[PDB]
Structures are given as structure tokens and as C-alpha cells.
Amino acid sequence: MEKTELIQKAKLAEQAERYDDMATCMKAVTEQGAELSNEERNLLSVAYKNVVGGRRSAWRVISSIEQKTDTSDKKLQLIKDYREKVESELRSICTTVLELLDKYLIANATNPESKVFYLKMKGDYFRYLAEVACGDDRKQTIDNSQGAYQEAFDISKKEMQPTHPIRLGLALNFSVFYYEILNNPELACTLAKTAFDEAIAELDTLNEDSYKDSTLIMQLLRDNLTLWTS
Amino acid sequence: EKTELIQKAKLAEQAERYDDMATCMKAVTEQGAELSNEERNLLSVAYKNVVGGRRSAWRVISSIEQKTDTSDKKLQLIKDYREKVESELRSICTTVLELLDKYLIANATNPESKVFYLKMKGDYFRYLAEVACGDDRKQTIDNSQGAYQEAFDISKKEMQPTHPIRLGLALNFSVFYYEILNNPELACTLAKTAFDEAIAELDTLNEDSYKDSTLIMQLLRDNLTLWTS
Amino acid sequence: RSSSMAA
Amino acid sequence: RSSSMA
Ligand SMILES: [Mg+2]
Ligand SMILES: [Mg+2]
């Protein structure tokens, strides 16, 4: 199927909340090898975000039930096996996304904005892997997530305005990484705070649409700031 | 393996992994043993959630299809996607109806279970009817209505008007009248009759039964408000 | 849309 | 839970 029809079908699937189909469409689009437009990047990201969020929430539920079950209970084995199944699906999804990022999206990015977007995505999905990682694998997975986040962070500080929604969302997700993966609330707080503060300074120079887009992310930053400082 | 299948079905339910839940309860059903109330509810929840996604997706896709110009070159892709969703929905409904005809209705021992299963048959033939056209639509409507009518007669004969299964049967049968047969007057009368007759004996139900029956009565009144305006 | 049982 | 970008 050609790119135009793939985008049509991806939007149709999005409307139907059939995100597996949407992800398949955007995966084919990406594999066609051309640089994605902002709309196409957004469609890919939405599709895989939902596809992985399903497994993430299911995994949280199952692992919560597991860590609340007596280690001598004969039922524990089934709970653990089911968690492992969900974990395998989650790992497969994240691996597909990271393959798309390495082989196509990062490789062909021709501007710092797309490169920041994709490196942030790499950090995101490595972080999703880190959420469920245990043992030696966890250390390297965390390192991969952090490296992607840090490269994206530096590029965005060099090439983008502090109000750019991509830079702000990168700051948000990086602060989340600090708080949830590295378990360092102070640095996460300072990261979100710095992004927010450096953004308010420039907000008034934007049109109302860019103001809207930036305000949303800044509100998320402040929400996390309030949660973590309590 | 019944106990492990049930544990896994409940676990998948909590994780909202309804395909796994449907597979677990399908295996439990195919074991030939009649299901308990809990197990019936697990099967119903599983397949309700498995088919509801397809139903909502189909409504969205068909809606987008109506608003698409008939000469638009992009129309055939929308049609093909709707047909794909329809095929998935037909597969699900056929699986459920096979479970009903081969195991559940066959081994149902009491009229409560028989009403539950015949109502389920009505529900899934109604889902087929929602997306059918032509002769297939007529046949699916006839099957749905027959299931609903037999369940309704058995429920009037054997069960009190406050029983939540009889009330939910009245609810779904009124929905069938309104949405499939397209007779709002008879749908209203069916819903209102079930509702009114349920009020009297409400003081006899227990906690769970009271909660379920009043929930269904509230749905009946909501449908009555919507249909009459 | 009409409401059916939460089943 | 922390809010990431959606
Ligand atoms: Mg195992
Ligand atoms: Mg058809």
C-alpha cells in the first residue's frame, strides 16, 4: 500500500481506536524510508504510545497483584508467568519502535527538531523497558534511556527555543526518568522547574496556538513539580 | 485445569486483557461442565468486552463512510476497513453462539441459567444484526428475536420481576425492539412494564441483587427518557 | 445511543 | 504517578 493510503488508513484506525492497525500502517510508512512529516511523526508516536500503554498498565496491575501475594502461595507461579507474558509483549513492542528509530527515523532525520523528537522517543521506550527490567539488564537499559535523553536534551538546548513543545516535552519525560528510574526526585524537580521557568520567560512572544501547545506541557511540568514536592 | 483457568480469567480481567479472559472462559466452557453464576459472568464480561471494541469501531468507521462523498476515490478503503471489522465481529459472535448452542444452553439445568443463555444468544444475534444487510439481516433478526422471546416467556413464568437477569433481559429486548425492529412504542412499553413491575418486590432482594436490579432499572428509565424525546 | 445491560 | 507527555 502506498503512503497516501497508509496515512488515510492510519487516521481511520485512530478514529476507531484500533491502535494496532494504526501502528502497522505507520510502521509500513516508516519502512518506506522517506523522512516523516510532523503529522506522520505524531501518528506513529500516538499509535505506538497507545499500543505500549496497554501492556504497561496491564503489567502494573499484574505486578501489583504479584508483589501482594504470599511467596508460598501456589497461585504465585501463574501470576508470575502471566506477568512474564505481558512483559514479553511489552519488550517486543519497544524493540520494534527502537528498530524503527535506529534504522530509519534517527538515521534519516535532516534537522535538529526531528532528531530531538526521535532521540526523546528512544529515551521513552528504553525507559519503558527499564520500568520492567531486573538485574544486569536493568543497568544497561537505564544507560541507553539516559544517553538518548541526554543527547536530545543537549541538542534541544542548542537548536530550539525554550518554549518549543518538543523541547518542553523532552524536559518533562527526562524529569520523569530522573524521578521514576533513577529515583532522584531533587534532580527531576530541578529539571522540570528549569524547563518551566525558562519557558515562561518567552511565552508572551508566541501566537495563541503555540502559546496553547506550550502551556499544556508547562502545566504538566508544574503538576509533576507539585506531586514530587509533597 | 478449571481452577487455574478461572484464576487466570480473573487476572486477565483485572489487566483488561479480555482476549485472554475469553480464551480462559472458552476453555472452561468447552470442558462440558455447567458454569456457576461467577463463571457465567466471567464469560459474559470477557466476550462483551471483546465484541464491544469491534462494535464501537464499526460505528465510527461506518459513520465516516456515510459522510464520505460517493465519488471520492478514498471510499473503497473505508469500505474495506469496515468489512474487516465486520468480519472480526462475525467471528466473535459465531464463537459465542457456538458456545451457547453446543454447551451452555444444552446443559443449562435451571430456568435462570436458560434465560441467561437465551438472552446472550439474543444479544449476539442482535450484534450480528447491527452490521448485517439483506437476507442475512432478516435471518439474524429472526434468531435474535426468537432467543429473546423464549427467554422472556421463561422469565415471566419462573422468575420474579425483581430478578436482575429478568430485568436485564427486558432491558436488552426493549433495546432490540427500539434499535433493530425500530418500534419505539413497543420498546417503551416493554421497558416501562419491566420497570414498574420490579418496584413492588424491591424490599425482598439482597445487597448484590438490589444493586444490580436498581442499576438495570436506572438504565431502563434512561432509555425511556431518551426514546420518548 | 440506547443503553443495554452492563453484562 | 508522574505525568509523562501524552
Ligand atoms: Mg515462567
Ligand atoms: Mg458486510
# chains A, B, ... in the order shown; residues from 1 in each chain; ligands from 1
>>> residues_near_ligand(ligand="ligand 2", cutoff="12 Å", atoms="only C-alpha atoms and all ligand atoms", output="PyMOL selection string")
chain B and resi 58+62+79-90+128-137
>>> write_last_selection(atoms="N, CA, C and O atoms", output="mmCIF file, in the first residue's frame")
data_model
loop_
_atom_site.group_PDB
_atom_site.id
_atom_site.type_symbol
_atom_site.label_atom_id
_atom_site.label_comp_id
_atom_site.auth_asym_id
_atom_site.auth_seq_id
_atom_site.Cartn_x
_atom_site.Cartn_y
_atom_site.Cartn_z
ATOM 1 N N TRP B 58 -16.797 -0.152 14.512
ATOM 2 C CA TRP B 58 -17.667 -0.240 13.349
ATOM 3 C C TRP B 58 -18.569 0.976 13.256
ATOM 4 O O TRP B 58 -18.773 1.520 12.166
ATOM 5 N N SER B 62 -18.310 3.256 9.943
ATOM 6 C CA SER B 62 -19.500 3.435 9.119
ATOM 7 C C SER B 62 -19.942 4.893 9.103
ATOM 8 O O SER B 62 -20.324 5.419 8.052
ATOM 9 N N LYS B 79 -14.623 1.365 3.048
ATOM 10 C CA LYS B 79 -15.488 0.191 2.966
ATOM 11 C C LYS B 79 -14.736 -1.077 3.351
ATOM 12 O O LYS B 79 -15.259 -1.917 4.091
ATOM 13 N N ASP B 80 -13.509 -1.237 2.851
ATOM 14 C CA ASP B 80 -12.741 -2.442 3.148
ATOM 15 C C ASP B 80 -12.416 -2.529 4.633
ATOM 16 O O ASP B 80 -12.460 -3.616 5.224
ATOM 17 N N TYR B 81 -12.093 -1.396 5.259
ATOM 18 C CA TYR B 81 -11.807 -1.409 6.690
ATOM 19 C C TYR B 81 -13.053 -1.766 7.495
ATOM 20 O O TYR B 81 -12.984 -2.557 8.451
ATOM 21 N N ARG B 82 -14.204 -1.198 7.122
ATOM 22 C CA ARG B 82 -15.451 -1.574 7.780
ATOM 23 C C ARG B 82 -15.726 -3.062 7.620
ATOM 24 O O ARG B 82 -16.178 -3.718 8.563
ATOM 25 N N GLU B 83 -15.471 -3.611 6.430
ATOM 26 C CA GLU B 83 -15.722 -5.032 6.210
ATOM 27 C C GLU B 83 -14.781 -5.893 7.044
ATOM 28 O O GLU B 83 -15.175 -6.952 7.542
ATOM 29 N N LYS B 84 -13.534 -5.455 7.208
ATOM 30 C CA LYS B 84 -12.602 -6.163 8.081
ATOM 31 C C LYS B 84 -13.122 -6.206 9.516
ATOM 32 O O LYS B 84 -13.145 -7.269 10.161
ATOM 33 N N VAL B 85 -13.546 -5.050 10.036
ATOM 34 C CA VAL B 85 -14.093 -5.009 11.392
ATOM 35 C C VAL B 85 -15.337 -5.884 11.491
ATOM 36 O O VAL B 85 -15.546 -6.589 12.489
ATOM 37 N N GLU B 86 -16.185 -5.850 10.460
ATOM 38 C CA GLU B 86 -17.378 -6.689 10.446
ATOM 39 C C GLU B 86 -17.014 -8.163 10.498
ATOM 40 O O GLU B 86 -17.684 -8.951 11.171
ATOM 41 N N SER B 87 -15.969 -8.561 9.773
ATOM 42 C CA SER B 87 -15.562 -9.960 9.769
ATOM 43 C C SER B 87 -15.077 -10.385 11.147
ATOM 44 O O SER B 87 -15.418 -11.476 11.626
ATOM 45 N N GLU B 88 -14.284 -9.535 11.805
ATOM 46 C CA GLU B 88 -13.865 -9.843 13.171
ATOM 47 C C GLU B 88 -15.074 -10.004 14.085
ATOM 48 O O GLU B 88 -15.146 -10.942 14.896
ATOM 49 N N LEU B 89 -16.038 -9.088 13.969
ATOM 50 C CA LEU B 89 -17.222 -9.135 14.823
ATOM 51 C C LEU B 89 -18.036 -10.398 14.566
ATOM 52 O O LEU B 89 -18.545 -11.023 15.505
ATOM 53 N N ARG B 90 -18.179 -10.782 13.296
ATOM 54 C CA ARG B 90 -18.889 -12.011 12.964
ATOM 55 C C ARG B 90 -18.183 -13.224 13.548
ATOM 56 O O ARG B 90 -18.834 -14.141 14.059
ATOM 57 N N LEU B 128 -24.861 -9.209 15.520
ATOM 58 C CA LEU B 128 -24.771 -9.557 14.103
ATOM 59 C C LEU B 128 -25.735 -8.718 13.271
ATOM 60 O O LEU B 128 -25.381 -8.241 12.185
ATOM 61 N N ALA B 129 -26.959 -8.527 13.767
ATOM 62 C CA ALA B 129 -27.958 -7.767 13.024
ATOM 63 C C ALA B 129 -27.541 -6.314 12.850
ATOM 64 O O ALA B 129 -27.834 -5.704 11.816
ATOM 65 N N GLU B 130 -26.870 -5.742 13.852
ATOM 66 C CA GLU B 130 -26.440 -4.349 13.756
ATOM 67 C C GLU B 130 -25.630 -4.097 12.493
ATOM 68 O O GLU B 130 -25.722 -3.016 11.902
ATOM 69 N N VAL B 131 -24.839 -5.078 12.062
ATOM 70 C CA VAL B 131 -23.920 -4.917 10.941
ATOM 71 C C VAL B 131 -24.352 -5.702 9.715
ATOM 72 O O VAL B 131 -23.630 -5.699 8.708
ATOM 73 N N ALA B 132 -25.497 -6.372 9.760
ATOM 74 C CA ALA B 132 -25.939 -7.193 8.645
ATOM 75 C C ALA B 132 -26.740 -6.363 7.644
ATOM 76 O O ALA B 132 -27.118 -5.218 7.899
ATOM 77 N N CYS B 133 -26.993 -6.966 6.484
ATOM 78 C CA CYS B 133 -27.782 -6.334 5.438
ATOM 79 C C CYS B 133 -28.436 -7.419 4.597
ATOM 80 O O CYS B 133 -27.870 -8.497 4.399
ATOM 81 N N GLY B 134 -29.642 -7.125 4.114
ATOM 82 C CA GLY B 134 -30.323 -8.050 3.222
ATOM 83 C C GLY B 134 -30.840 -9.277 3.950
ATOM 84 O O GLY B 134 -31.334 -9.203 5.081
ATOM 85 N N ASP B 135 -30.727 -10.430 3.286
ATOM 86 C CA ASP B 135 -31.283 -11.665 3.829
ATOM 87 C C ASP B 135 -30.602 -12.052 5.135
ATOM 88 O O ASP B 135 -31.262 -12.510 6.079
ATOM 89 N N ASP B 136 -29.277 -11.898 5.199
ATOM 90 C CA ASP B 136 -28.560 -12.184 6.436
ATOM 91 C C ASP B 136 -29.145 -11.388 7.594
ATOM 92 O O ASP B 136 -29.277 -11.904 8.711
ATOM 93 N N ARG B 137 -29.509 -10.129 7.344
ATOM 94 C CA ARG B 137 -30.091 -9.304 8.397
ATOM 95 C C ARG B 137 -31.421 -9.880 8.866
ATOM 96 O O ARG B 137 -31.684 -9.965 10.069
#
>>> interface_residues(of="chain D", to="chain A", cutoff="6 Å", atoms="only C-alpha atoms", output="number ranges by chain")
D: 2, 4-5
>>> residues_around(residues="stretch 190-207 of chain B", least_positions_apart="4", cutoff="9 Å", atoms="only C-alpha atoms", output="PDB file with C-alpha atoms, in the first residue's frame")
ATOM      1  CA  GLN B 160     -39.752 -12.783  39.953  1.00  0.00           C
ATOM      2  CA  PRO B 161     -39.970  -9.361  38.251  1.00  0.00           C
ATOM      3  CA  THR B 162     -37.170  -8.095  40.541  1.00  0.00           C
ATOM      4  CA  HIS B 163     -34.622 -10.697  39.442  1.00  0.00           C
ATOM      5  CA  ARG B 166     -35.089 -10.981  34.019  1.00  0.00           C
ATOM      6  CA  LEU B 167     -34.716  -7.198  34.276  1.00  0.00           C
ATOM      7  CA  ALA B 170     -36.288  -6.925  29.457  1.00  0.00           C
ATOM      8  CA  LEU B 171     -33.729  -4.137  29.000  1.00  0.00           C
ATOM      9  CA  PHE B 173     -35.184  -6.940  24.483  1.00  0.00           C
ATOM     10  CA  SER B 174     -36.527  -3.382  24.613  1.00  0.00           C
ATOM     11  CA  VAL B 175     -33.254  -2.209  23.067  1.00  0.00           C
ATOM     12  CA  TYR B 177     -37.319  -3.505  19.694  1.00  0.00           C
ATOM     13  CA  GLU B 185     -43.615   2.482  21.248  1.00  0.00           C
ATOM     14  CA  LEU B 186     -43.359  -1.238  21.992  1.00  0.00           C
ATOM     15  CA  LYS B 211     -27.592  -3.126  43.414  1.00  0.00           C
ATOM     16  CA  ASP B 212     -27.767  -4.982  40.085  1.00  0.00           C
ATOM     17  CA  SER B 213     -31.543  -4.687  39.717  1.00  0.00           C
ATOM     18  CA  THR B 214     -31.619  -0.974  40.554  1.00  0.00           C
ATOM     19  CA  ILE B 216     -30.785  -2.113  35.391  1.00  0.00           C
ATOM     20  CA  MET B 217     -33.910  -0.164  36.375  1.00  0.00           C
ATOM     21  CA  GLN B 218     -31.933   3.064  36.064  1.00  0.00           C
ATOM     22  CA  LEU B 220     -34.486   1.275  31.779  1.00  0.00           C
ATOM     23  CA  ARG B 221     -35.519   4.764  32.878  1.00  0.00           C
ATOM     24  CA  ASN B 223     -33.703   4.520  27.778  1.00  0.00           C
ATOM     25  CA  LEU B 224     -37.294   5.611  28.412  1.00  0.00           C
TER      26      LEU B 224
END
>>> atom_distance(atom1="atom CA of residue B:102", atom2="atom CA of residue B:29")
9.8 Å
>>> closest_atom_pairs(of="chain B", to="chain A", cutoff="10 Å", atoms="only C-alpha atoms", output="tab-separated table")
residue	atom	partner	partner_atom	distance
B:4	CA	A:78	CA	7.9
B:5	CA	A:78	CA	9.9
B:7	CA	A:75	CA	8.3
B:8	CA	A:78	CA	7.5
B:11	CA	A:62	CA	7.3
B:12	CA	A:58	CA	8.4
B:13	CA	A:58	CA	9.7
B:14	CA	A:61	CA	7.0
B:15	CA	A:58	CA	4.4
B:16	CA	A:58	CA	6.8
B:17	CA	A:58	CA	7.4
B:53	CA	A:17	CA	8.4
B:54	CA	A:16	CA	8.7
B:55	CA	A:16	CA	9.8
B:56	CA	A:16	CA	7.2
B:57	CA	A:16	CA	4.4
B:58	CA	A:16	CA	7.5
B:59	CA	A:16	CA	8.4
B:60	CA	A:16	CA	5.7
B:61	CA	A:16	CA	6.5
B:64	CA	A:12	CA	8.4
B:74	CA	A:5	CA	8.0
B:77	CA	A:9	CA	7.5
B:78	CA	A:12	CA	7.7
B:81	CA	A:9	CA	8.1
B:82	CA	A:12	CA	10.0
B:85	CA	A:18	CA	9.8
>>> closest_residue(among="B:32, B:111, B:52, B:168", to="chain C", atoms="only C-alpha atoms")
B:168
